[PDB]
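S.K.: Take a look at the following structure, please.
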Amino acid sequence: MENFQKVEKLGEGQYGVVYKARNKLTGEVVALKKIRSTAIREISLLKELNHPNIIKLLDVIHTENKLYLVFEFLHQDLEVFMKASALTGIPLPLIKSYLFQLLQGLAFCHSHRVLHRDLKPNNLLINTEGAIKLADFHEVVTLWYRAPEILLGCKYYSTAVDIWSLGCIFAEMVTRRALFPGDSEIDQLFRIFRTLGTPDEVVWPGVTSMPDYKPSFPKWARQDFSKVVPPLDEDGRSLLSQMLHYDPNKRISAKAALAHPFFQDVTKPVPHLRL
Ligand SMILES: CC(C)c1cnn2c(NCc3ccccc3)cc(NC[C@H]3CCNC[C@@H]3O)nc12
């Protein structure tokens, strides 16, 4: 830490605390994550995962029990920007741009057999140029973006978990309200079931044999989908429904979603950021 002037705590990541910091020699402003053997080798592969829509990992330093990860610093997160934009909403062309960019990032991750696993507005980072990046591959766990197969005890996540999370974020950008704001795993699951219908073997083969599936779950009927994201046009609703299929095998892939008609008129607008 003698090599960095700390400036400000930014918050808690998945495995430790993040500081904005300045490199003493270069003047570079970076985000430094402080963590607390096979992870040393695995995070080194994460340094080679370079794409415009993925946060740049600049350095991995292992020393005195702790691991420091030095990342690119970005000026705001999407959670903050959505709160700042809640009176009027984020304009639809900017929603569309951010969704398209995140799908490019995920298509890249997934083609390199990297999953995110915990996508949420606060690990999506934005800049003044209109880019958005995937990041963070006594705090209370947020379950609102959790795919149903995770909540039902699937041991082997697939890439589809990230498409589900991104679908929940898409919905929240458009409606200005979180799609499934549960405060426990069972409340999260029942919020999903009340909106999308309690899944059965017709819509999700194998659902009843999942570790945490109980025959005794309530049987709610699927809500009408025009009721769930009203301001979204039918192309947006179609895409969303494909991102929120219960069966991960049915759920659209990032690569397939990029070809969806919702993106025919996609553009790259400038956000209004107050920094
Ligand atoms: C560690 C790396 C991924 C990183 C780069 N920029 N940046 C910003 N920037 C936005 C910002 C700027 C100024 C004040 C607050 C937030 C915030 C931030 N927050 C810390 C956690 C919060 C929970 N989600 C994961 C984040 O890395 N982590 C990062």
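Chain labels follow the order of the structure tokens: the first chain is A, the next B, and so on; residue numbering restarts at 1 in every chain, and ligands are counted from 1 in their shown order.
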Taking only C-alpha atoms and all ligand atoms and a cut-off of 6 Å, can you tell me which residues surround ligand 1, written as a short mmCIF file (atom, residue, chain, number, x, y, z; two decimals) with N, CA, C and O atoms, in the first residue's frame?

M.R.:
data_model
loop_
_atom_site.label_atom_id
_atom_site.label_comp_id
_atom_site.auth_asym_id
_atom_site.auth_seq_id
_atom_site.Cartn_x
_atom_site.Cartn_y
_atom_site.Cartn_z
N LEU A 10 -14.74 2.76 -2.02
CA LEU A 10 -15.80 2.64 -3.00
C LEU A 10 -16.87 1.65 -2.59
O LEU A 10 -18.01 1.80 -3.04
N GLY A 11 -16.51 0.65 -1.77
CA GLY A 11 -17.47 -0.30 -1.22
C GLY A 11 -16.89 -1.68 -1.04
O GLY A 11 -15.68 -1.82 -0.94
N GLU A 12 -17.76 -2.71 -1.00
CA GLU A 12 -17.37 -4.10 -0.79
C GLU A 12 -17.63 -4.86 -2.05
O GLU A 12 -18.76 -4.87 -2.51
N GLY A 13 -16.61 -5.51 -2.60
CA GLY A 13 -16.79 -6.45 -3.68
C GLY A 13 -17.09 -7.85 -3.17
O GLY A 13 -17.33 -8.04 -1.98
N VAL A 18 -12.92 -2.37 -1.71
CA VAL A 18 -12.38 -1.63 -2.85
C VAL A 18 -12.10 -0.18 -2.46
O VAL A 18 -12.98 0.50 -1.92
N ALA A 31 -8.78 1.42 -9.17
CA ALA A 31 -9.57 0.86 -8.09
C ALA A 31 -8.81 -0.37 -7.61
O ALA A 31 -8.55 -1.29 -8.39
N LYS A 33 -8.70 -3.61 -5.14
CA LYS A 33 -9.47 -4.51 -4.29
C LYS A 33 -8.50 -5.30 -3.44
O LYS A 33 -7.59 -5.91 -3.96
N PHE A 71 -7.64 -2.69 -10.63
CA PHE A 71 -8.49 -2.52 -11.78
C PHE A 71 -8.46 -1.10 -12.28
O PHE A 71 -8.17 -0.17 -11.51
N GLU A 72 -8.82 -0.93 -13.60
CA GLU A 72 -9.30 0.32 -14.26
C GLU A 72 -10.31 1.00 -13.25
O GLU A 72 -11.10 0.28 -12.67
N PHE A 73 -10.28 2.30 -13.09
CA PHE A 73 -11.33 3.01 -12.31
C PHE A 73 -12.38 3.55 -13.24
O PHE A 73 -12.03 4.13 -14.23
N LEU A 74 -13.69 3.33 -12.96
CA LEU A 74 -14.76 3.91 -13.76
C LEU A 74 -15.53 4.86 -12.89
O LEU A 74 -15.51 4.73 -11.66
N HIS A 75 -16.24 5.85 -13.45
CA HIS A 75 -16.67 6.97 -12.58
C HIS A 75 -18.01 6.77 -11.91
O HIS A 75 -18.25 7.36 -10.84
N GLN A 76 -18.90 5.91 -12.49
CA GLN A 76 -20.13 5.67 -11.75
C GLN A 76 -20.61 4.25 -11.97
O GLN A 76 -20.26 3.65 -12.98
N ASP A 77 -21.41 3.75 -11.05
CA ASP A 77 -22.11 2.46 -11.31
C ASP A 77 -23.55 2.66 -11.76
O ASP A 77 -24.19 3.73 -11.60
N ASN A 122 -24.97 -2.68 -9.22
CA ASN A 122 -23.78 -2.10 -8.58
C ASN A 122 -22.47 -2.75 -9.02
O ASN A 122 -21.42 -2.27 -8.57
N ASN A 123 -22.47 -3.79 -9.87
CA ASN A 123 -21.18 -4.16 -10.49
C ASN A 123 -21.25 -4.00 -12.01
O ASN A 123 -20.57 -4.72 -12.73
N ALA A 135 -18.17 -5.90 -14.20
CA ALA A 135 -17.16 -5.89 -13.14
C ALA A 135 -17.48 -6.89 -12.00
O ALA A 135 -18.59 -7.37 -11.90
N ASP A 136 -16.47 -7.19 -11.14
CA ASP A 136 -16.67 -7.96 -9.91
C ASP A 136 -17.09 -9.35 -10.25
O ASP A 136 -18.08 -9.86 -9.71
#

S.K.: Assign secondary structure with DSSP using the backbone only, and return the residues of segment 76-138 of chain A in strand (DSSP E) as a list in words.

M.R.: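 Filtering segment 76-138 of chain A to strand (DSSP E) leaves residues 76, 77, 124, 125, 126, 132, 133 and 134 of chain A.
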
S.K.: For residue 143 of chain A, list every protein, DNA or RNA residue within 7 Å, evaluated using only C-alpha atoms, and leave out those in the same chain fewer than 2 positions away; present the list as a list in words.

M.R.: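 So, after excluding close chain neighbours, the residues are residues 141, 145, 146, 182 and 188 of chain A.
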
S.K.: Can you pull out every residue within 10 Å of segment 226-232 of chain A, counting only C-alpha atoms, but drop anything in the same chain fewer than 6 positions away, and send it as a PyMOL selection string?

M.R.: chain A and resi 92+170-172+174-177+179+195-196+238+240

S.K.: Could those residues be written to a file, using C-alpha atoms, as a compact mmCIF listing (two decimals), in the first residue's frame?

M.R.:
# COMPACT_ATOMS: atom_id res chain seq x y z
CA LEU A 92 -34.87 4.04 -24.01
CA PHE A 170 -33.18 -4.66 -18.27
CA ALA A 171 -36.68 -4.80 -16.74
CA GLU A 172 -35.63 -2.59 -13.82
CA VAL A 174 -37.32 0.26 -18.12
CA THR A 175 -39.86 0.23 -15.23
CA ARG A 176 -37.80 1.96 -12.56
CA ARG A 177 -38.66 -0.82 -10.15
CA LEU A 179 -38.56 -6.95 -11.02
CA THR A 195 -44.95 -13.27 -11.78
CA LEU A 196 -43.89 -16.05 -14.20
CA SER A 238 -40.21 -10.65 -26.65
CA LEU A 240 -37.13 -10.17 -22.12

S.K.: Taking into account only C-alpha atoms, which residue in the set A:178, A:173, A:119, A:244 is nearest to residue 93 of chain A?

M.R.: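 Distance minimum relative to residue 93 of chain A lands on A:173.
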
S.K.: Using only C-alpha atoms, which protein or nucleic acid residues come within 10 Å of residue 117 of chain A? Drop anything in the same chain fewer than 4 positions from it, and give the result as a ChimeraX atom specification.

M.R.: /A:136-137,145-147,150,157-163,165

S.K.: Please report, as a VMD selection string, each residue of segment 39-264 of chain A to which DSSP assigns helix (DSSP H, G or I) when run on this structure's backbone.

M.R.: chain A and resid 39 to 47 78 to 84 92 to 111 121 to 123 148 to 151 160 to 175 185 to 196 207 to 209 225 to 227 234 to 243 254 to 258 261 to 263

S.K.: Please, what distance in Å, to one decimal, runs between atom CA of residue 121 of chain A and atom CA of residue 275 of chain A?

M.R.: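 Atom CA of residue 275 of chain A lies at a distance of 17.4 Å from atom CA of residue 121 of chain A.
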
S.K.: Taking only C-alpha atoms into account, name the residue in A:37, A:253, A:142, A:14 that is nearest to residue 107 of chain A.

M.R.: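 Of A:37, A:253, A:142, A:14, the one nearest residue 107 of chain A is A:253, counting only C-alpha atoms.
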
S.K.: Which one is closest to residue 68 of chain A: A:86, A:45, A:99, A:30? Count only C-alpha atoms.

M.R.: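 Looking at the shortest contact to residue 68 of chain A, the residue is A:30.
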
S.K.: Distance atom CA of residue 252 of chain A-atom CA of residue 266 of chain A, one decimal place?

M.R.: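 Spanning atom CA of residue 252 of chain A to atom CA of residue 266 of chain A is a straight-line distance of 18.9 Å.
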
S.K.: Please provide the set of residues having any atom within 10 Å of residue 258 of chain A, restricted to only C-alpha atoms, with same-chain residues fewer than 4 positions apart removed, written as number ranges by chain.

M.R.: A: 99-104, 107, 239, 252-254, 262-264

S.K.: Rounded to one decimal in Å, what is the spacing between atom CA of residue 65 of chain A and atom CA of residue 21 of chain A?

M.R.: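 Atom-to-atom, atom CA of residue 65 of chain A to atom CA of residue 21 of chain A, that is 20.6 Å.
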
S.K.: When distances are computed from only C-alpha atoms, which of A:78, A:213, A:16, A:224 shows the smallest separation from residue 127 of chain A?

M.R.: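 The closest residue to residue 127 of chain A is A:78.
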
S.K.: Restricting the calculation to only C-alpha atoms, which member of A:54, A:61, A:49, A:40 is positioned closest to residue 1 of chain A?

M.R.: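 Between A:54, A:61, A:49, A:40, the residue approaching residue 1 of chain A most closely is A:61.
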
S.K.: Pick out the residues sitting within 10 Å of residue 51 of chain A, and hand them over as a ChimeraX atom specification; count only C-alpha atoms, and ignore anything fewer than 2 positions along from it in its own chain.

M.R.: /A:48-49,53-56,104-106,108-109,133-134

S.K.: Next, dump the selected residues to file, keeping only C-alpha atoms, as a compact mmCIF listing (two decimals), in the first residue's frame.

M.R.:
# COMPACT_ATOMS: atom_id res chain seq x y z
CA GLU A 48 -6.07 -11.93 -20.33
CA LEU A 49 -9.92 -11.54 -20.62
CA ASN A 53 -17.36 -4.13 -22.06
CA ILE A 54 -15.30 -5.94 -19.39
CA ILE A 55 -13.44 -4.01 -16.59
CA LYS A 56 -9.70 -4.08 -17.20
CA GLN A 104 -21.46 -8.24 -26.19
CA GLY A 105 -19.49 -8.49 -22.93
CA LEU A 106 -21.28 -11.64 -21.85
CA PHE A 108 -17.22 -12.70 -25.02
CA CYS A 109 -17.01 -14.03 -21.34
CA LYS A 133 -18.61 -2.66 -18.33
CA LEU A 134 -19.02 -5.89 -16.48
